[PDB]
Amino acid sequence: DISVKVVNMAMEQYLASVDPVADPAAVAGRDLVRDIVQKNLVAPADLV
Amino acid sequence: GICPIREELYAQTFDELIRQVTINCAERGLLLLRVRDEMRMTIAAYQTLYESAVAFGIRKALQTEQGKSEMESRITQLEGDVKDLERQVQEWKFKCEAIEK
Amino acid sequence: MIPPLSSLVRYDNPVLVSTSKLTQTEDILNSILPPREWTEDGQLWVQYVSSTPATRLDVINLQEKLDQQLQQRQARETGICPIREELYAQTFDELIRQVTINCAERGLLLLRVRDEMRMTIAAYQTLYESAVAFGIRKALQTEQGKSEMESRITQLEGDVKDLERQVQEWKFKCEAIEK
Amino acid sequence: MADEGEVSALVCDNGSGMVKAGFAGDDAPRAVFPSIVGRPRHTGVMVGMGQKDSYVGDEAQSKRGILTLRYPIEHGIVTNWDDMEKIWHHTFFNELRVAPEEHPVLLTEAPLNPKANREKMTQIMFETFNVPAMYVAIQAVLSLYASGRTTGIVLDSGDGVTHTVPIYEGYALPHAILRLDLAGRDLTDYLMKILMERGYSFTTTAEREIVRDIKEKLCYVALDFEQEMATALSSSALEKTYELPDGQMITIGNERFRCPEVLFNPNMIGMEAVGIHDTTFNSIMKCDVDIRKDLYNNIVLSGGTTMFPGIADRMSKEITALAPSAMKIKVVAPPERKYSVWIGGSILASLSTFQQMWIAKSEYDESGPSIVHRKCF
Amino acid sequence: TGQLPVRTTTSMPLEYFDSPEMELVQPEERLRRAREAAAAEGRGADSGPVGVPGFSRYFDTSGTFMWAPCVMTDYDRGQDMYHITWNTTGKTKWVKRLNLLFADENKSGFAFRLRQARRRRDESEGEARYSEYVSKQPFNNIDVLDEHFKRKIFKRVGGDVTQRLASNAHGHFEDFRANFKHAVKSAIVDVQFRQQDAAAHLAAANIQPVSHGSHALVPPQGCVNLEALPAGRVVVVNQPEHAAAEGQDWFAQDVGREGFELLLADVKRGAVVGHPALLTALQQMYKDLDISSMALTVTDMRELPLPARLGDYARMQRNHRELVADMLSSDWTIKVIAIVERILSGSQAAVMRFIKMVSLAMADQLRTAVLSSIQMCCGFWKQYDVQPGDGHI
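The rules behind these values
- Residues numbered from 1 in each chain as written, not as in the entry; some residues may be left out.
- Chains lettered and ligands numbered in written order.
- Part of a larger assembly, values for the part shown.
- Heavy atoms only, no water.
- Helix = DSSP H or I, 4+ residues; strand = E, 2+ residues; numbered from the N terminus.
- Rg over C-alpha atoms; globule rule 2.2 N^0.38 Å.
- Buried < 20%, exposed > 50% of the residue type's maximum accessible area, 1.4 Å probe, protein only.
- Areas by Shrake-Rupley, 256 points an atom, 1.4 Å probe, with all protein chains shown as cover.
- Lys, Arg positive; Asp, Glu negative; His and termini not counted.
- Charge placed at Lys NZ, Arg CZ, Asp CG, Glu CD.
- Core = buried A, V, L, I, M, F, W, Y, C linked by side-chain atoms within 4.5 Å.
- Contact = heavy atoms within 4.5 Å.
- Buried area = accessible area lost by both parts, 1.4 Å probe.
- Salt bridge = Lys/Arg side-chain N within 4 Å of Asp/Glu carboxyl O.
- Polar contact = N/O pair within 3.5 Å; in protein donor to acceptor, adjacent residues only side chain to side chain.
- Pairing = 2+ DSSP bridges.
- Axes fitted to C-alpha atoms, helices over the stretch in contact; angles between N-to-C directions.
- Patch = residues over 30% accessible without salt bridge, like charges linked within 9 Å, V, L, I, M, F, W, Y side chains within 5 Å.

Method of structure determination, per the deposited record: cryo-EM was used for this entry, reaching 3.1 Å resolution.

Here's what the structure looks like:
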């Protein structure tokens, strides 16, 4: 955060990180990525 | 700029002042009446030509949409051919695969 | 150097501000109706505005001058022509002059009406010009849009020949495999 | 600014559900009309050289029988940009007598407008219109300028769209800006819907404005909807016999309050959504937790539909139920909700801080349409 | 009935004017309904072929116009023309919808449409007569509109726009000169409207006086009324933690017109946009400090040929993430810290809000950067998003 080095300490108070509770865009991105991964885990599964 | 309130109010003022110019002399009142009529006629001609310019602009607003949309359809065909090019790339990959095989 | 052009705005014999090789109202009228001046022979000769009264006879003279000059200048009562516009403006300037001699505040009121209505006219002319310019600009935008979209047509043709060449390339690859 | 007379950037308030226009500096607009465009349906009718190819606004509505009605803007997003160019041309030279070539413009848009939209009007205003300069501000940010303070979530609910724009010291919080799509357009639709229940059909175009103005004038809002059912069943005082010039006794009973209550009970009409109070609540809950305490305490209403008595009463009551005993709420709604953006835009232009905002045409051509990025943040 | 005026082949027809937006329903849909009704009711003798009986031109008896119900077969939308077959008369001819309809159609609305169509016919007839009569008069006016002005506007447009194509489109400008002349002639007619002599001279041709209309009663003030609409209602509901007393948590306030310059000065002294130097400082910080461009995974996989082994994949992404963290998390933090230290030194509530918004602006940049990185990681996995047609082929 700015106030970490404006007053020059190791302050714990940073900008509130991306909350999975209240970021539907991030949650949808997670669902899309995991769905794609599970989709591409099928063809190697039976081709071998 | 342009304001109708000021022009109508000034017209009323000059119409009232015709009384004063007539008190000065009757022939002066007649001359002011005639010149007022003529200059009102001229300003009416000017507003009419302004409305003609308005008509020109409005007419020019919609003289081109026909062709514009008609071959914005052509642009749609263009991105369709781009997709066709993507298909060509895919089939090129498929054929070069057999080449390597 | 500037001969005094014909004008129904009545004037005096040109006065001297260069020589040779009362109440606030006269100052107001002289300021508002500016003298037309020429530097004849390097000495400015200023033609002062008229300041003598007008009577019924003078009104008759100015009316007759209006009527004749409209004819020999071939103005048009109908429509708009600059000849009639400037003649009527000159007659209105004599009216301003005489009403300033009569009652200065009345002349000032005429001056305000005159200022506001000519600025209205100038606004009308400028707005007409702007509207025409905007329409022509839209026409140009259409024309260059047409150019860009015809270039798109050309790009379609290029893509088509690309498709043809790629099909031929696939045919060559298949023939090579068979060989 | 006005040392030799200031040609201020004229305010074109592309409002929530209606279009406003006028000179920046005025206390009220000068041109108002709906966002409807009427194109001549057939070509054999226009014979002569005084033809009108686009009747604008109420001209389109009044002449709809010979015109193709297309609304070029949906929810503050322009769909037919060419139509709006005709609107801009008509607005200037037929409602203000101004020249876009010389008169600067300030542009309004829906909050969180995609910058491609600002880019394309920028290219149209400079290549197709050739404006001298242009600056863009978010509609609700302009609305908050009329709130008297730099902070506030503008709960804008207009005629066709509803927005919640968290703003705190001027710049809008874009992450928590929420938009709802039920407004006076749908309120008119439902008010008609509950009037067929009164034995009088209202769907015709002429009857559309019949209910439209009635909605804008006679619509009050239930402080407690269930209480008003009791009032409706136990009394006929709500049932007013409004009269139209044609002659008819419309009986407006429970319709007097249920239509604006849809803003809090959307599913009564069939539209599936949460109430504006719920949308207002979640929007602030999507903000920074710390600043929320004044955000509810700075709820500002806008939109031309919201003169309805009791709407702020019901809005606060629904908020009061939602808000737990740890909060601080202030629903503000001064009598400029129809015109907060227009007044705010004129206020912003009147600032001498407007001096460091122009997009010069030469700079625009030097930097392309992305100049809106470089001068509007 | 003889309300129909003198109809001429060279006259403007009513077919184009026919309103589709105040008329009840579509004619093709009306015939689909008629066909369904015929199928259901077994029609064919009660109303003949498809279509409920509706009036026609005459009763086949007199020259003047009547309204005679008949029997019709079908209709095609292309020609806007119905086919009919009289009940007692086997004649089969094609008619317009202007006379034909169904008995199920509201006769009140049908009469409404007919009368408004007659009014539109009269209006268009007057307009056409006036336009034709403008052509007769001569002129002596000048035409300021010229190719010089058109080329001036061309060059004023300038750039790649003006000098691209300037060859073919000149044709319309010459006809626009004739438009200028037509407008001048119309203005002259408007001038001749003044004296009764000219007005009575022109009224002998059954032409009615129609004016464009610009001398309307000017309203007092163009400023839209402010307090005419009901005055604004402000309702305040605090909470037991932030209330003032018990029993007045419902604060209702009404305010009339508010000062323009009052709120202008409020914004000027409080808002960042109000503070000139602070405004441009905030602008340059919001615009120049674009940290969302750099992301947290690699899309350039040309350091190693495809396919990619998971080990080098993870190595390159880890190194890139660390390097981007180096340029952002500490670097940009120190930069904005120095910037804030400079700006905050040159109302108290407004200043506190502005600092909170500086912090919220780096928070917004944080959110945008992380969301952009999430979406472009999704795009990294979608670079080979298995589209239909290829089942992992």
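Draft legend 1. Quick look at the overall build of chain B. In terms of regular secondary structure, chain B is built from three helices and zero strands. Relative to the globule expectation of 13 Å for 101 residues, the C-alpha radius of gyration of chain B, 35 Å, shows a markedly less compact shape. Every one of the 101 residues in chain B was classed for burial, and the buried ones make up 40%. As displayed, chain B has an accessible area near 5,500 Å², and 60% of this comes from carbon and sulfur atoms. Here chain B contributes 15 positive and 18 negative side-chain charges, whose respective centroids are spaced 2 Å apart.

Draft legend 2. Up close: the nonpolar core. D:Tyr296, D:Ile299 and D:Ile329 are the most contacted members of the largest nonpolar core, which has 67 residues in total. Leave out the neighbours within four places in its chain, and D:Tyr296 touches D:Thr280, D:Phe281, D:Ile284, D:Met285, D:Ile319, D:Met327, D:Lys328, D:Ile329, D:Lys330 and D:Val331. Core analysis: the second largest hydrophobic core is formed by 57 residues, D:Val37, D:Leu107, D:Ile124 and E:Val157 among them.

Draft legend 3. Geometry of the side chain of E:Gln317. Residues and elements named next belong to chain E. The topology assignment puts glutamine 317 in helix α9 (residues 310–343). The class for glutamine 317 is buried, based on a relative accessible area of 5%. In this view, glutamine 317 contacts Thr297, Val298 and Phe380; residues no more than four positions away in its chain are not counted.

Draft legend 4. Region of the structure containing unusual backbone geometry. At the junction of E:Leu306 and E:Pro307, the peptide bond is cis and its omega measures out at 0° in the coordinates. The topology assignment puts E:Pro307 in the loop between α8 (276–288) and α9. Phi at C:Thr19 takes a positive value of approximately 55°, unusual for a residue other than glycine. Of note, E:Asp80 is a non-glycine position whose phi angle comes to about 55°, a positive value. Secondary-structure assignment places E:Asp80 in the loop between β1 (72–76) and β2 (81–85).

Draft legend 5. Structural view of the interface of chain C and chain B. At the junction of the two partners, chain C supplies 52 residues and chain B supplies 47 residues. With both chains or domains summed, chain C and chain B bury close to 5,000 Å², and 72% of this area falls on carbon and sulfur atoms. In terms of surface lost to chain B, no three residues of chain C exceed C:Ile80, C:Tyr124 and C:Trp170, which account for 13% of the buried area on that side. Where chain C touches chain B, the interface holds three salt bridges. Among the salt bridges present, the one from C:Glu77 reaches B:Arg34, with a minimum N-O distance of 2.4 Å. Run the count over chain C and chain B and you get 14 residue pairs in polar contact.

Draft legend 6. Broad picture of the sheet that holds β2(E). Residue and element names in this part refer to chain E. The antiparallel open sheet is built from three strands, whose spatial order is β1-β2-β3. Lying at the two open borders of the sheet, with one neighbouring strand each, are β1 and β3 (92–96). Pairs of neighbouring strands in the sheet enclose a mean axial angle of 25°, with direction left out of account. Two strands pair when backbone bridges link them, and β1 and β2 are joined in this way by four bridges, in the antiparallel orientation. Residue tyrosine 75 lies in a different strand from β2, and its bridge partner there is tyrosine 82.

Draft legend 7. Quick look at the interface of chain D and chain E. At the junction of the two partners, chain D supplies 82 residues and chain E supplies 63 residues. Note that D:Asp27 and E:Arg257 form a salt bridge whose closest N and O atoms lie 3.6 Å from each other. When contributions to the side of chain D that touches chain E are tallied by element, the ones reaching two or more residues are β6 (67–70), α10 (292–296), α11 (311–322), β17 (328–332), α12 (340–350) and α14 (371–375) of chain D. Residue contributions to the side of chain D that touches chain E peak at six residues, all from α11(D). In this sheet, strand β4 (residues 232–238) of chain E lies alongside β17(D) in antiparallel orientation, the contact comprising four bridges. Paired with D:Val331 across the two strands is E:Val235, which belongs to β4(E).

Draft legend 8. Just a nonpolar patch on the surface, in detail. On the surface, A:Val6, A:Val7 and A:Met9 cluster together into a nonpolar patch covering about 240 Å² of accessible area. Mapped onto the elements, A:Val7 comes out in the loop between α1 (2–6) and α2 (24–40).

Draft legend 9. Up close: the sheet that holds strand β4 (residues 37–40) of chain D. Residues and elements named next belong to chain D. Here we have three strands laid out as an open sheet, ordered β5-β4-β6, and antiparallel in their pairing. Edge positions in the open sheet fall to β5 (55–56) and β6, since each of these has one partner strand only. Taken together, the four bridges between β4 and β6 define a ladder with antiparallel strand orientation. Across the sheet, the residue bridging to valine 37 is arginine 70, located in β6. Each of β4, β5 and β6 touches helix α2 (residues 81–95); the most contacted strand, β4, lies at about 100° to it.

Draft legend 10. Highlighting the pattern of salt bridges. Residues and elements named next belong to chain D. Scanning all chains against the criterion turns up 52 salt bridges over all chains. Between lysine 86 and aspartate 83 there is a salt bridge, and its shortest N-O distance comes to 2.4 Å. A residue pair is termed a helical-turn pair when its members lie 3 or 4 positions apart in one helix, as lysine 86 and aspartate 83 do in helix α2 at three residues. For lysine 86, a relative accessible area of 3% translates into the label buried. Its relative accessible area of 0% is what places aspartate 83 among the buried residues. The closest approach of N and O atoms between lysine 317 and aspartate 224, which form a salt bridge, is 2.4 Å.

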